[PDB]
Structure formats: C-alpha cells, structure tokens
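So the sequence lines, in the order shown, correspond to chains A, B, C, D and E. When the letters of the first sequence are read in order and numbered with the authors' numbering, they come out as residues 1428 to 1552, 1602 to 1722. Heads up, the authors' numbering is the position in the second sequence plus 1, with the first residue counted as 1. Heads up, the authors' numbering is the position in the third sequence plus 148, with the first residue counted as 1. Heads up, the authors' numbering is the position in the fourth sequence plus 296, with the first residue counted as 1. Heads up, the authors' numbering is the position in the fifth sequence plus 343, with the first residue counted as 1. We treat Cβ as the ideally placed atom computed from N, Cα and C, and that holds for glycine.
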Amino acid sequence: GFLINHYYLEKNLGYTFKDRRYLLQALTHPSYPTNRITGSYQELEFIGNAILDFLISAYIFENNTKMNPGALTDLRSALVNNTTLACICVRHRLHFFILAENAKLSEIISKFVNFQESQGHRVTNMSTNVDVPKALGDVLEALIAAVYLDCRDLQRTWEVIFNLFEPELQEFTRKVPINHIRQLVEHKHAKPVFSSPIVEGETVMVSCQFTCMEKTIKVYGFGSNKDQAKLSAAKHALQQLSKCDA
Amino acid sequence: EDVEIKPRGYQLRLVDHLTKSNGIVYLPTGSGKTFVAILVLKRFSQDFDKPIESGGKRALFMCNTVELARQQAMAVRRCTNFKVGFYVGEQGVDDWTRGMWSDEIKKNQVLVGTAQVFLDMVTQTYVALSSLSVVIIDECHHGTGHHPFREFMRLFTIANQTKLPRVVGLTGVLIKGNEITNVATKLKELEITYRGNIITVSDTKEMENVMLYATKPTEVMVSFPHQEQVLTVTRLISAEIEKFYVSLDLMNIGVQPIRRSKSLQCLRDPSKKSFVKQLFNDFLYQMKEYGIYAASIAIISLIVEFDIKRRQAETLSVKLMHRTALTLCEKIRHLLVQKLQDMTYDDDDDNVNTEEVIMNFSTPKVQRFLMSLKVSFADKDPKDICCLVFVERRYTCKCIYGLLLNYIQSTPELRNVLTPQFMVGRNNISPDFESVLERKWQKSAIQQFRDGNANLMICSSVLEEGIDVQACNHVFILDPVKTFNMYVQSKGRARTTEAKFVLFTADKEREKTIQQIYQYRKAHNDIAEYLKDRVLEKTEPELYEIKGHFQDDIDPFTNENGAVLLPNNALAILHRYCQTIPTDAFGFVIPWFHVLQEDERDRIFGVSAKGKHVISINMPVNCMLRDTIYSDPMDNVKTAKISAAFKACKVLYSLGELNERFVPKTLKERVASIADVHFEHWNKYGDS
Amino acid sequence: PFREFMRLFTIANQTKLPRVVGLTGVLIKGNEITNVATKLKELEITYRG
Amino acid sequence: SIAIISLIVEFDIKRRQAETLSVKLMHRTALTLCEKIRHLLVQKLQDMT
Amino acid sequence: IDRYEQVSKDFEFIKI
RNA sequence: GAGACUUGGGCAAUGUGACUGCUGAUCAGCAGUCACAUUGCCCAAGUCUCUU
Ligand SMILES: Nc1ncnc2c1ncn2[C@@H]1O[C@H](COP(=O)(O)OP(=O)(O)O)[C@@H](O)[C@H]1O
Ligand SMILES: [Mg+2]
C-alpha cells in the first residue's frame, strides 16, 4: 500500500524485487512517520556508497586504461559526485515514489526537477542551478544497495549500475569529466579574485573580479549559499570564456 | 566596591541567626538583603581555598534568570575577594566534559548561575550535595510546582541526610498569584520546601524604622468614564480582517507539523497561521482599547514585523502569505491615516494640531493618562524625573512608546524633559519602525534608563523585580492590577522619599479594585502579625512531612555512579536527545505522543484502565526505539506524559543511548569505546 | 428569590416602605468565606439594613 | 449487599409506572442483573460464614 | 461617534 | 371515577443555591536545547602559482 504503482518504478529501473521490503526501506526518508514497519534509508545508503564507488572504480580501472591516475581519480570523483546521482535519479522519474514529506525539501525537489526538465535531464557540464537536493542522490544511491541485498549478487547489481550510467560513462570517458573553479584560477589569462559572499533568506551573491581575453570583467550569478554563489560566479565566468572562445 | 560597607542593625542579627540554623529571609526590596546574604557567604568560606578531594568546598549562589544572575555576580565579585564563577546555559557549559568542568570547579570559591545549569550539573555527578558549604536562594517565592528551585530542593531529600549544605532564601514577596486565601498554608509549604524557618524583622522602634529607609510610596488613583460607541471604520477593518482570515485558512501551503491542544484533546491551527492570527487579533485589541491614533502607531509595527518575517520566510508560499498580510495591513494603514488627517483640515498649528489630534482620536483612558503626565511632570527638569509605567500586552508597550514620542514632540513643555523608551520580556520585538537593524546599537534600554538617557520607561513585568534600579519617584499602572506579587513588587520600586504610586481604572471598575487593594494590604499585614507571633520552632525538623511533601509523584530513579534522574525533567531530556538526531527542517525529532482509547486501554491493560488514562509514545524511524512504549496509567494527561517520558528515557539509558551522566552521547563516547579495540596499536607508537 | 423579592423595593415606591429585617445563624453560603467583610458588604447593601 | 437489595424495590416500582414494553424489558433486564449481582454478593458473604 | 468625547479637563488624584 | 375541598402518595417539567474534578481560549513572565549568520584565531588537507 505504501508502494503505489511500484511496477512503474521497477519497469523504469529494469530490475525486479522478489522482496519489496528493501525498496520500502530505501524509499523511507527520515521524515515519514506513517511507515512503522521499516527503518530509514541511511542504513542502506551507508553500504550502497561503498558498493557504487568500488564497482565504478573497478570498472574504470579495467577499461579506461589510456589515462594517468592523476586524472582517473578526478573521473571517479566526478562519477560518484552527488550532483550526477541527483541528475540520474531525476532522469529515471524516481521522484514520484520517494515516500517523503517536508515543507522546503519538497520545494527544492520540485525546483530541481523542473530545472532539469528545462535542461533536458542532461548534466550541465556543474550547474548554475539554485540548489541541488542531496537526499535525492542519497535515495538513488541507497536503492542500489537495496537492489544488491535483494539478490546478494555483485554481477546483477553491476548490470543495473551500468544500465543506469551508460550515458554518463560514454560522456565522461570521452570529454574531460570536470575540474572547474580551479582551472579558472590557473587559466592562461583568467585570474579571478573574489570578495566574501553573504546569504540572506534564500538569496546570495558574490562580487566576481576576473580577467577575460586580456580584459577585466565583473560577473554575477544566481545561487543559494556563499560558496555556491562563488560557484555560480565561476559558472558564468566559464560561460563567458567559452563564448569568447566560440 | 570596597570595605566601607557597614552592616545595619538588622543585618548583623540576621546573619548571626542564619549561621546557627537554616532559614529564609523576608525583607522589603531595597533593604540590603543581598548585602547580608553576602555577609552570610563570608561566614561559610572556610573550605573555599582547598581543593575538593583535600577537604575543600565551594558555595552555590542561585538565581532564576540570566540577567539577575550576572548582575549579582558582579555584585558579589566587587563586594568580596573570591574567585566567583559565573555560568549559564547560553554560556556554553552544555558541551563541557569532565576535565573542563573539574578545572572550573577547582578554580573557584563560589558559583552563580541559573537554576537549570546548577541542577543538571549536580545531577550529572559533577559535584555532590556533600561537597557544598552553603547555598543561597533569591526570589525564593518561585519555589512552587515543577519550578527548578523545588526540583533542586528535592535532591536534598533524595541525597544524603547528614553533613548537608545550608540553604537560605532571599525574597521580598512570599506569594505568587491570586492564592492570597489561607496565607498560613502557603507559608508552611514555603517553610518545608526549603527546610527552613522564615526570619523577619521584629524589634519595631530601633530597627524597622531604620529599615524603612525603603519608604512606602504614597498611592493615588484616577477614574475615567467608559467609552462605549464603536467607530464606523473599525467594523470595516474587522470585515477586511475576517475575510483575510477566511482566505488565509482557504489558501494552501505544503505539509506542516501538526500542532494540537496542550492536552492532546483536539486540533489547532498551524503554528505560522496561529502566529499571524495572533498578531492581527492583538492589533485589533489595541485598536478597540486605545482608539485610532494608537492603532495607527501599531499598524506600522505590524508592517515591519510582517516584512521581517517575509524576509526570513524560507518557503515561497509563506512569502506569499506574508505579502498578502502586508497588503491588507497597508490598506488598513491608508484608511487609518486618511481618518486621522480627516480632522487636521480645520487647524493649521502643526505642534498644537498634532497634540489635539492625539487628544481627539484617543480613548478616554489614554487621554487621562497624558493629561496626568502633563500635570505631574509640570515642565520640571529632565535630570530629576525618573518614572515608570506598567502595561500588560507586549505590543501595547511599543505602541504607547510611539504615542509618547509623538505627544512629547507635540508639547514644548514636555519636549525637553521627557525621553521615552520601552523594553519587553525575552521574546523581544524590534524597537524599529522602518527596517531591521536600522542602526547598530550597544546600550540596553535599561542601561540608558540608568544613565539618565531615558527618564521614562515602558515595560511589562519584565522590569518588575530582580534587576536593580535606582529609587523611582513616580510609577504608573494603566492596565488593571493582575496579582498580589506584581502589585507589591511594583509598589516596592518607588523607594525614594514622597514617592508617588499611581494607577488608573475605569469608572465602573473602581469599586471592584477597592476589594483587590484592601485585600492586598490585609495580605501584607496579616503576614507581619503571623510571623511576628508564629510558633517558636527550630528548623521544621518534621522529616515525616518533608518526605510526605514530594512522594506523590513518580519516585526519581538513580543508577550507579551516583547519577540521579528527575522525572519532571524527563520531557526535557527526551526532547534534547531527540534534537541530537540529525535531520532536515520538517524531519521531526519530537516524539509524536498519542492518547490511548478506553477500549484499547482495557484491550492492553487491566480493569484499572477504565478508571484512569494512558498515553503512548512513538519515535521517529531514525531512533532505534522502534517499539512503542506505553505509559503507566495515571489520572490526568500531565502525569501520563511525565510517566511516559520517564519510562522512555529509562529505556534509552538501559539501551546505552543515554550516557552515565544522563545526557545523550556524542561521537566522543563512541570513539572512546572503539579506541582500545580497533586502535590499540597506536599506543605502542605513542599516539591514540 | 430573596434578592429577587427585594429588587421590587427599588422599582416600586421607595418611600413609606415596610421595615425589612434579616434573620440568620450563618452569613456565607459556599467556600467563598475569604474576606468576610466584603462578602458581608453585599449582604448589607442588598437588604438595605 | 443492602444497596443491591434497595435497588430492587426502585427498579420494580419503576417498571410498575413504566408505560410500554420497551422500558418494561429494560427494567426487567436491570432487575435480572441486580438479582445476579445480589446472588454473587451473598455467595461472597456465605463463603466465610 | 466621529470624535471621542473629551474627559474632564480638571481632575485631581484621589487617595486610596 | 369525574366536580370541588382535606391529607398523603406517584410521575413530570422548569428554575434556583452550593460543591469536587475535568478540559478550552487568550495574555504576560522564565529556563534550556539545536541550528543559522558575521568576521577573526586557526591547524589539517589537496590543487595551483611563485619559490622554498
Ligand atoms: N548596611 C549596609 N552596608 C552596605 N551597603 C548597604 C547596607 N544596606 C544597604 N546597602 C546597599 O543598598 C543597596 C540595596 O540594594 P539591594 O541590596 O540589591 O536590594 P535588595 O537586596 O532588597 O534587592 C545595596 O546595593 C547595598 O550595597
Ligand atoms: Mg538585592
């Protein structure tokens, strides 16, 4: 009864749950008092984090040979980053089945999902987006451990992970996955310097002072927090540099 | 200060008697009773110097509120030569471990602070009752019900019954509330709660005459006719407000925590909607009680409060709600200012025009108040005048402060002699009228009052008692006197010579107020006669009634290591533990209670289930106490909740979540437990 | 009906009024015995004696 | 015991002035319950006679 | 009432 | 049985006076916890530049 139309989730995900209890525990956000029969999803995401990171690291170690470890660690960190997990969870329409309730968290999820719909459910490679919901990537990563425990086989879990990550794998393997921010600082002519950002309510800003095409330009960007305001400034600096390059 | 402080004729005998036996002092405010308390502290300092284990001790001075604790801390520090430790809840002693508690205990000779901190640190085995020399209580009349003073006193009953620390209580009022009836039983309950005998002034001519330097103020009163007709614009504003209420309840925000009755009997509006409706209803009461000009003053405060709340409103829907409230308040402000300016056409003398507008649109009570101020201050010097006014509502304070601002700007005689200022209780409201932090400021309104910056203060019972204020000469009370304690404490403030006590009441309420004033005077007198003639007993050595005072509640449970758990603190401990679990905003940590049903009551319990009620506790899914816990069957829902929380926290302690010292465990305890298991090889390398 | 009867006295003719006298062995009915003077006051003024 | 004996006469007389069978059956059931209670209580009485 | 009726200009403080 | 009176009994209606608990709403006063924000002390840690 908790899992309304769970067959839709299974069909989209591609796996079948012989026991549905693991799915309920994985979908049980801590803010959901009506579920007295299973625990929260923290005790599953704890294992799922290790499962995901080890599996993907082993895959890239075996396959992506022609690159140094100094960038292989960056690739694995990008592929395990919570933002990519949130994007993947958005792609598979898993927001529907999250047995969660909250005032502001639900608003954040709605804003993120409509933003991703605007982007076409593709990674914005890093996002100038308002704010990313951590719990979304958390529940997506936890359902991986839920899938594994339902079968106790690594091979099936890896098939599921690969089926979920095929576009991300093919993208990050070809193009440089991410460095960002730092490459702006170390850029050939871009020498960004910044002031201290201040948050207020649900708005934030930072004065970005950088250089571009041998000139000096100041840019601003929408965001949520101090460091993510600096992130928005970095995103718009990257946009200006790319457009000037283009 | 210095040693020029010379004890009076009554302080010496008071401290001499208090040395022999425990007792409570009862002297009028400003009679230097804290000074004789200091002298008492100067007779129990023998064990201050030596450390705890070597045989040395300390002393605990007690207070109810933070500010009074701090003020008396500076007082004792400047009056003595001891290392006075000052600690409160906000000071940061919450996370203090054993070592950085022990250092403070061993680096001080006397401790001061609030009730909760001292009570908790006594219950957390940091010190023992046997490890104390003398304990000093002030405003001892607070010691009733579940108040922390009585809870701390119960530790005297549960702990050792030999070489027990002294207890002394400081007060000037003995009764809290409208229970003036049967003063003798209240006095006896106060006697037994602090296991002492009240000692009071006795030798009339030599000593009460000297003590009466805290002179009794002269008291007067003024009556005014009732205003009965209601203005036409008021009902229009009420109609707009009620349709706004209908829209607000109709409009839809996301899921919000369910707030219900304090007895869980039925539902309530969501906290934000209840809050905004409380604002609007309070402003409406302001309008009817004080007219239109005062309403015009208060609507600006509502505007600024709504703007601040919308600014801090995280969710967009809450921002829309506050925006709609702001639009309605702006419309109300437009109508009010139009009505106020509707009369200003005829006259064109700006100062006199504003003065007569204030007089014209005001309620008769406020008109009488302002004319009384004009005829009392009488255009005198601004330095000598230092007057107080008491009003009941918080927003009434700010509104009347604005009204006095405008009126003082409207009279040349008062424009140079009065400097109004207001302050309220802990739920402080911004004194601004334009925007949040219009300017950064560093002086409290009380301090400005003390330095002569503000000769007139507006305040609720927040400035009634405790906080030291110079001898006032004029005190005014607008809203009706509510209790005995506030009346007597207010009349004690007007300490200077020929001080004036002033209060106001309506025409049809004067006769009622006669009984309250005469009853309060009789209640002050009969205490004097009865204590003057009480039975000469030593220290209330009736241990049978001492243990028969508290037994009717749930017996407090103590484990090994000497830690003791108070059943009345079970709710606080449970909620504090719940807050430890990390969560997002709406992720609730508070345990959602549930009252049982009689059919379910005897479905789970015996025949006694029908007679008395039971409440059930549920826990958030993150807490490992997944299984629900059913409270013991108690009579009322209050004791049911107390028993439920006590049993639940006992189960938590048994499971080890609650530590030995009865506090939730951080990661420090976890890593300490794991260290000698998983990280033993660090020690052979000299680390850990 | 005691003070109900005696309320007739004010509305009717206030002069050439029959003598009224109160007889009792107790004065206070209920647990409001506190401040006997003020409670005896309305007894005095209700019975115009 | 005396109380349950007393209840019998009041229940019976109430049934006597009872108007229709709907309350007659109610009083009859009440009297049967009262008599069963009385019998149980007198068994309790005689247990230690 | 349009205008609140004015209280007595002359008034003194009665003593309880 | 009725008409009326005498006394009593039965039922009902409604009102009055008092008491014990139980909650409701509003308002003031007090304590504690958690979190966020401001900048700084600030070491860890990686990157990068200079350079050590
Ligand atoms: N015998 C005395 N010696 C020295 N100072 C005194 C004496 N009597 C009164 N005082 C001073 O008068 C002041 C009275 O204020 P306080 O004692 O705080 O009033 P209360 O104790 O009633 O609240 C004290 O600050 C105290 O220093
Ligand atoms: Mg004092």
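query: Can you look up B/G114 in the DSSP assignment and give me helix, strand or coil?; result: strand
query: Between A/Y1442 and the rest of its own chain, which residues show a CB-CB distance below 6 Å, the 5 nearest in sequence each way excluded?; result: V1623, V1636
query: Evaluate the contact criterion for the stretch 273-289 of chain B versus the stretch 597-605 of chain B: three or more CB pairs, one atom per stretch, below 8 Å.; result: no
query: Under the assumption that B/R151 contacts B/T194 (Cβ atoms under 8 Å), give the Cβ distance between them as a whole number of angstroms.; result: 6 Å
query: Please report the straight-line C-alpha distance between B/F87 and B/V113, rounded to a whole angstrom.; result: 5 Å
query: Can you pull out the residues from the stretch 568-586 of chain B whose beta carbon lies closer than 9 Å to at least one beta carbon of chain A?; result: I582, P583, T584, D585, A586
query: Anything in the stretch 520-536 of chain B with a Cβ closer than 7 Å to a Cβ of chain C? List those residues in chain order, please.; result: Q520
query: Applying the 10 Å Cβ sphere with the 16-neighbour rule, what's the burial state of B/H679?; result: exposed
query: Could you pull out every residue in the same chain whose Cβ sits closer than 8 Å to the Cβ of B/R416, ignoring the five residues on either side in sequence?; result: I409, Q410
query: So does B/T172 have its beta carbon nearer than 8 Å to some heavy atom of ligand 2?; result: no
query: Cβ of B/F83 within 9 Å of Cβ of B/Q47?; result: no
query: Mind checking which residues open and close the beta strand (DSSP E) that includes B/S617?; result: 616-618
query: Going by DSSP in three states, A/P1643 sits in which element: helix, strand or coil?; result: helix
query: For the stretch 167-186 of chain C, enumerate the residues whose C-beta is nearer than 7 Å to any C-beta of chain B, in chain order.; result: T182, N183, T186
query: With a threshold of 9 Å between beta-carbons, can B/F589 be considered close to chain A, or not?; result: yes
query: Can you find a CB in chain A that lies within less than 9 Å of the CB of B/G255?; result: yes
query: Between which two residues does the beta strand (DSSP E) holding B/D139 run?; result: 133-139
query: Give the DSSP-derived three-state secondary structure of B/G100 in the structure shown.; result: helix
query: Comparing C-alpha positions only, which one of B/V590, B/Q448, B/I301, B/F558 sits nearest to B/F663?; result: B/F558
query: Going straight from the alpha carbon of A/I1478 to that of A/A1666, what length do you get?; result: 39 Å
query: From B/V638, B/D480, B/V77, pick the residue whose C-alpha is nearest to that of B/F594; which is it?; result: B/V638
query: Going by beta carbon distance, what residues of the same chain come within less than 8 Å of B/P413, once the five residues before and after it are set aside?; result: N352
query: Which residue comes first and which comes last in the alpha helix (DSSP H) that contains A/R1518?; result: 1509-1518
query: On the criterion of 16 or more Cβ atoms from any shown chain inside 10 Å, does B/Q12 qualify as buried, or is it exposed?; result: buried
query: Kindly provide the chain-ordered list of residues whose Cβ lies closer than 6 Å to any non-hydrogen atom of ligand 2.; result: B/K34, B/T35
query: Give me the chain E residues within the contact set of B/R369, using Cβ-Cβ distance strictly less than 8 Å, ordered along the chain.; result: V350, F354
query: Is B/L28 a contact residue of ligand 1, with contact defined as CB to any heavy atom under 8 Å?; result: yes
query: Is B/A500 near ligand 1 - that is, is its Cβ less than 8 Å away from at least one heavy atom of it?; result: no
query: Apart from the five residues just before and just after B/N428, which ones in its own chain have a Cβ nearer than 8 Å to its Cβ?; result: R395
query: Who are the neighbours of A/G1677 on chain B, taking C-beta pairs under 8 Å?; result: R312, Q313, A314, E315
query: How about B/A76: is its Cβ closer than 8 Å to a heavy atom in ligand 1?; result: yes
query: Ligand 1 heavy atoms versus the CB of B/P8: any closer than 8 Å?; result: yes
query: If we require 3 or more residues per run, which beta strand (DSSP E) segments fall completely within the stretch 596-644 of chain B?; result: 616-618
query: If we cut at 9 Å on Cβ distances, does B/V277 have a partner in chain A?; result: no
query: Let me check you understand the geometry: is the CB of B/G31 closer than 8 Å to at least one non-hydrogen atom of ligand 1?; result: yes
query: Does the Cβ-Cβ distance between A/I1654 and A/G1475 come in under 9 Å?; result: no
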